[PDB]
file entry33.cif (mmCIF, N, CA and C atoms)
data_upload
#
loop_
_atom_site.label_atom_id
_atom_site.label_comp_id
_atom_site.auth_asym_id
_atom_site.auth_seq_id
_atom_site.Cartn_x
_atom_site.Cartn_y
_atom_site.Cartn_z
N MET A 13 0.86 -1.22 0.00
CA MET A 13 0.00 0.00 0.00
C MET A 13 0.88 1.25 0.00
N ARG A 14 2.12 1.09 0.46
CA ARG A 14 3.06 2.19 0.52
C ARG A 14 2.97 3.07 -0.73
N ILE A 15 2.52 2.48 -1.83
CA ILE A 15 2.40 3.21 -3.10
C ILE A 15 1.84 4.61 -2.83
N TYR A 16 0.74 4.65 -2.10
CA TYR A 16 0.10 5.91 -1.74
C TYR A 16 1.14 6.83 -1.11
N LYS A 17 1.89 6.29 -0.16
CA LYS A 17 2.94 7.06 0.49
C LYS A 17 4.02 7.42 -0.52
N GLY A 18 4.27 6.50 -1.45
CA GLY A 18 5.27 6.72 -2.49
C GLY A 18 4.80 7.76 -3.50
N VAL A 19 3.49 7.82 -3.70
CA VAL A 19 2.92 8.76 -4.65
C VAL A 19 3.24 10.18 -4.22
N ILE A 20 3.62 10.32 -2.96
CA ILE A 20 3.96 11.62 -2.41
C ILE A 20 4.99 12.28 -3.32
N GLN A 21 5.82 11.44 -3.94
CA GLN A 21 6.84 11.94 -4.84
C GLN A 21 6.20 12.91 -5.83
N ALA A 22 4.96 12.62 -6.20
CA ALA A 22 4.22 13.49 -7.12
C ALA A 22 3.78 14.76 -6.40
N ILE A 23 3.25 14.59 -5.18
CA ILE A 23 2.77 15.71 -4.39
C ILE A 23 3.90 16.67 -4.03
N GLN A 24 5.02 16.12 -3.57
CA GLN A 24 6.16 16.93 -3.18
C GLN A 24 6.81 17.59 -4.40
N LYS A 25 6.82 16.86 -5.52
CA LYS A 25 7.43 17.38 -6.74
C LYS A 25 6.59 18.52 -7.32
N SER A 26 6.33 19.53 -6.50
CA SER A 26 5.55 20.67 -6.95
C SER A 26 6.26 21.37 -8.11
N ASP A 27 7.40 20.83 -8.50
CA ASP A 27 8.18 21.38 -9.60
C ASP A 27 7.90 20.59 -10.86
N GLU A 28 6.96 19.65 -10.74
CA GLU A 28 6.57 18.81 -11.87
C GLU A 28 5.14 19.11 -12.29
N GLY A 29 4.70 20.33 -12.02
CA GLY A 29 3.34 20.74 -12.38
C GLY A 29 2.37 20.27 -11.31
N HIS A 30 2.91 19.92 -10.15
CA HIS A 30 2.12 19.41 -9.04
C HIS A 30 0.96 18.55 -9.56
N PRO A 31 1.23 17.52 -10.35
CA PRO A 31 0.17 16.63 -10.89
C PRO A 31 -0.17 15.52 -9.89
N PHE A 32 -1.47 15.36 -9.61
CA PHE A 32 -1.94 14.35 -8.66
C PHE A 32 -2.78 13.29 -9.38
N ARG A 33 -3.86 13.71 -10.01
CA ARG A 33 -4.73 12.77 -10.70
C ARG A 33 -4.05 12.20 -11.93
N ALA A 34 -3.28 13.03 -12.62
CA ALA A 34 -2.59 12.55 -13.81
C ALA A 34 -1.53 11.51 -13.42
N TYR A 35 -0.89 11.71 -12.26
CA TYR A 35 0.13 10.77 -11.78
C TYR A 35 -0.53 9.42 -11.44
N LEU A 36 -1.77 9.47 -10.97
CA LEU A 36 -2.50 8.25 -10.58
C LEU A 36 -2.67 7.31 -11.77
N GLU A 37 -2.89 7.85 -12.94
CA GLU A 37 -3.08 7.03 -14.11
C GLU A 37 -1.91 6.04 -14.26
N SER A 38 -0.69 6.55 -14.12
CA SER A 38 0.51 5.73 -14.27
C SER A 38 0.71 4.79 -13.08
N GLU A 39 0.06 5.10 -11.95
CA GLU A 39 0.21 4.27 -10.75
C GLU A 39 -0.35 2.87 -10.99
N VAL A 40 -1.15 2.73 -12.04
CA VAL A 40 -1.77 1.44 -12.32
C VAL A 40 -0.75 0.41 -12.82
N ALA A 41 0.04 0.76 -13.83
CA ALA A 41 1.03 -0.19 -14.36
C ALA A 41 2.23 -0.26 -13.42
N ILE A 42 2.26 0.67 -12.48
CA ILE A 42 3.34 0.77 -11.50
C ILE A 42 2.96 0.07 -10.21
N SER A 43 1.68 0.16 -9.88
CA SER A 43 1.09 -0.42 -8.66
C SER A 43 1.99 -1.47 -7.99
N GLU A 44 2.58 -2.35 -8.79
CA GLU A 44 3.45 -3.40 -8.25
C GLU A 44 4.54 -2.81 -7.35
N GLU A 45 5.36 -1.91 -7.90
CA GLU A 45 6.44 -1.27 -7.13
C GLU A 45 6.61 0.18 -7.57
N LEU A 46 6.35 1.12 -6.66
CA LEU A 46 6.43 2.53 -6.99
C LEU A 46 7.84 3.03 -7.28
N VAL A 47 8.77 2.83 -6.35
CA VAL A 47 10.13 3.33 -6.55
C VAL A 47 10.91 2.54 -7.59
N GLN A 48 10.70 1.23 -7.65
CA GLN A 48 11.45 0.40 -8.60
C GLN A 48 11.11 0.74 -10.05
N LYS A 49 9.83 0.73 -10.38
CA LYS A 49 9.41 1.02 -11.75
C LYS A 49 9.67 2.47 -12.10
N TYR A 50 9.46 3.32 -11.12
CA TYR A 50 9.66 4.74 -11.29
C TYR A 50 11.11 5.04 -11.69
N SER A 51 12.06 4.48 -10.95
CA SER A 51 13.47 4.68 -11.24
C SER A 51 13.89 3.94 -12.51
N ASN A 52 13.35 2.74 -12.69
CA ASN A 52 13.71 1.91 -13.84
C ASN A 52 13.03 2.35 -15.14
N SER A 53 11.71 2.27 -15.19
CA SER A 53 10.98 2.64 -16.40
C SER A 53 10.83 4.14 -16.50
N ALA A 54 11.92 4.84 -16.30
CA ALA A 54 11.92 6.29 -16.39
C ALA A 54 11.36 6.70 -17.74
N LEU A 55 11.44 5.78 -18.70
CA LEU A 55 10.97 6.04 -20.07
C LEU A 55 9.48 5.71 -20.22
N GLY A 56 9.13 4.46 -19.95
CA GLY A 56 7.73 4.02 -20.07
C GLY A 56 6.74 5.09 -19.61
N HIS A 57 7.12 5.87 -18.61
CA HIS A 57 6.24 6.91 -18.08
C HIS A 57 5.80 7.88 -19.20
N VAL A 58 6.48 7.85 -20.34
CA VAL A 58 6.16 8.77 -21.43
C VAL A 58 4.91 8.37 -22.22
N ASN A 59 4.93 7.24 -22.92
CA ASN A 59 3.77 6.84 -23.70
C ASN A 59 2.61 6.43 -22.81
N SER A 60 2.93 5.75 -21.72
CA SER A 60 1.89 5.30 -20.81
C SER A 60 0.99 6.47 -20.48
N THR A 61 1.59 7.63 -20.33
CA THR A 61 0.82 8.81 -20.02
C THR A 61 -0.15 9.14 -21.14
N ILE A 62 0.34 9.17 -22.37
CA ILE A 62 -0.52 9.52 -23.49
C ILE A 62 -1.57 8.44 -23.75
N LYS A 63 -1.13 7.19 -23.73
CA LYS A 63 -2.02 6.07 -23.99
C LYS A 63 -3.06 5.85 -22.88
N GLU A 64 -2.59 5.84 -21.64
CA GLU A 64 -3.45 5.56 -20.48
C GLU A 64 -4.40 6.70 -20.08
N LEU A 65 -4.03 7.95 -20.33
CA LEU A 65 -4.87 9.07 -19.89
C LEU A 65 -6.32 8.93 -20.37
N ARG A 66 -6.55 9.11 -21.66
CA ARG A 66 -7.91 9.01 -22.19
C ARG A 66 -8.58 7.74 -21.68
N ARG A 67 -7.79 6.68 -21.57
CA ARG A 67 -8.27 5.39 -21.12
C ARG A 67 -8.67 5.40 -19.65
N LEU A 68 -7.88 6.06 -18.81
CA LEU A 68 -8.16 6.06 -17.37
C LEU A 68 -9.51 6.70 -17.09
N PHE A 69 -9.77 7.82 -17.74
CA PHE A 69 -11.03 8.55 -17.53
C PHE A 69 -12.22 7.71 -17.96
N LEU A 70 -12.07 6.96 -19.04
CA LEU A 70 -13.16 6.13 -19.53
C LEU A 70 -13.54 5.10 -18.46
N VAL A 71 -12.53 4.52 -17.81
CA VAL A 71 -12.77 3.51 -16.76
C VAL A 71 -12.86 4.16 -15.37
N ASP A 72 -12.41 5.41 -15.25
CA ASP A 72 -12.47 6.11 -13.97
C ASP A 72 -11.88 5.26 -12.84
N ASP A 73 -10.56 5.07 -12.87
CA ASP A 73 -9.87 4.28 -11.84
C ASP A 73 -8.86 5.15 -11.11
N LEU A 74 -9.06 6.46 -11.15
CA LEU A 74 -8.14 7.39 -10.49
C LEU A 74 -8.11 7.13 -8.99
N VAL A 75 -9.28 6.92 -8.39
CA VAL A 75 -9.34 6.66 -6.96
C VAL A 75 -8.76 5.28 -6.64
N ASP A 76 -9.06 4.32 -7.50
CA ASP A 76 -8.58 2.95 -7.32
C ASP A 76 -7.19 2.77 -7.91
N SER A 77 -6.66 3.82 -8.52
CA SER A 77 -5.33 3.75 -9.12
C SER A 77 -4.31 3.30 -8.08
N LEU A 78 -4.59 3.64 -6.82
CA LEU A 78 -3.69 3.28 -5.73
C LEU A 78 -3.63 1.76 -5.57
N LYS A 79 -4.78 1.10 -5.74
CA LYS A 79 -4.85 -0.36 -5.61
C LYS A 79 -5.80 -0.93 -6.65
#

call {"tool": "encode", "arguments": {"input": "entry33.cif", "output": "structure tokens"}}
result
Amino acid sequence: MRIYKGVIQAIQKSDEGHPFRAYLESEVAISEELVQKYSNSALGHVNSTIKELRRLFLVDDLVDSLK
């Protein structure tokens, strides 16, 4: 569950456009490990954002993005 605590990286990173809901979209394919995938798939975060965004809203899993 730490993911939620790990997501803080988004909240604290007020230098990244302070994105919260948009960050949640990516938390889905990351859900497994926040820091590991985050540091490793530094790239995947790019398309996943474009591909998953429109998709996330259709399924509305922003709240459940955490788990």

call {"tool": "axis_aligned_box", "arguments": {"input": "entry33.cif", "around": "segment 30-41 of chain A", "padding_each_side": "6 Å", "output": "JSON"}}
result
{"center_x": -0.9, "center_y": 9.8, "center_z": -11.5, "size_x": 19.6, "size_y": 32.2, "size_z": 17.7}

call {"tool": "residues_around", "arguments": {"input": "entry33.cif", "residues": "residue 61 of chain A", "least_positions_apart": "4", "cutoff": "7 Å", "atoms": "only N, CA and C atoms", "output": "list in words"}}
result
residues 37, 38, 56, 57, 65 and 66 of chain A

call {"tool": "select_by_dssp", "arguments": {"input": "entry33.cif", "residues": "chain A", "states": "helix (DSSP H, G or I)", "output": "PyMOL selection string"}}
result
chain A and resi 14-18+20-24+33-42+46-52+57-71+76-78

call {"tool": "residues_around", "arguments": {"input": "entry33.cif", "residues": "segment 20-35 of chain A", "least_positions_apart": "4", "cutoff": "8 Å", "atoms": "only N, CA and C atoms", "output": "MDAnalysis selection string"}}
result
chainID A and resid 14:16 39:40 61 65 74:75 77

call {"tool": "closest_residue", "arguments": {"input": "entry33.cif", "among": "A:19, A:58, A:68, A:78", "to": "residue 46 of chain A", "atoms": "all atoms listed in the file"}}
result
A:19

call {"tool": "atom_distance", "arguments": {"input": "entry33.cif", "atom1": "atom C of residue 64 of chain A", "atom2": "atom C of residue 79 of chain A"}}
result
15.5 Å

call {"tool": "atom_distance", "arguments": {"input": "entry33.cif", "atom1": "atom CA of residue 42 of chain A", "atom2": "atom CA of residue 72 of chain A"}}
result
16.9 Å

call {"tool": "decode", "arguments": {"input": "entry33.cif", "residues": "segment 16-27 of chain A", "atoms": "C-alpha atoms", "output": "mmCIF file, in the first residue's frame"}}
result
data_model
loop_
_atom_site.group_PDB
_atom_site.id
_atom_site.type_symbol
_atom_site.label_atom_id
_atom_site.label_comp_id
_atom_site.auth_asym_id
_atom_site.auth_seq_id
_atom_site.Cartn_x
_atom_site.Cartn_y
_atom_site.Cartn_z
ATOM 1 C CA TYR A 16 0.102 5.912 -1.743
ATOM 2 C CA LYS A 17 2.940 7.061 0.493
ATOM 3 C CA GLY A 18 5.275 6.720 -2.488
ATOM 4 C CA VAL A 19 2.925 8.759 -4.653
ATOM 5 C CA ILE A 20 3.958 11.623 -2.407
ATOM 6 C CA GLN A 21 6.837 11.936 -4.840
ATOM 7 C CA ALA A 22 4.225 13.490 -7.118
ATOM 8 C CA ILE A 23 2.766 15.714 -4.392
ATOM 9 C CA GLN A 24 6.163 16.935 -3.182
ATOM 10 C CA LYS A 25 7.425 17.377 -6.744
ATOM 11 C CA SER A 26 5.554 20.673 -6.955
ATOM 12 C CA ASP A 27 8.185 21.379 -9.600
#
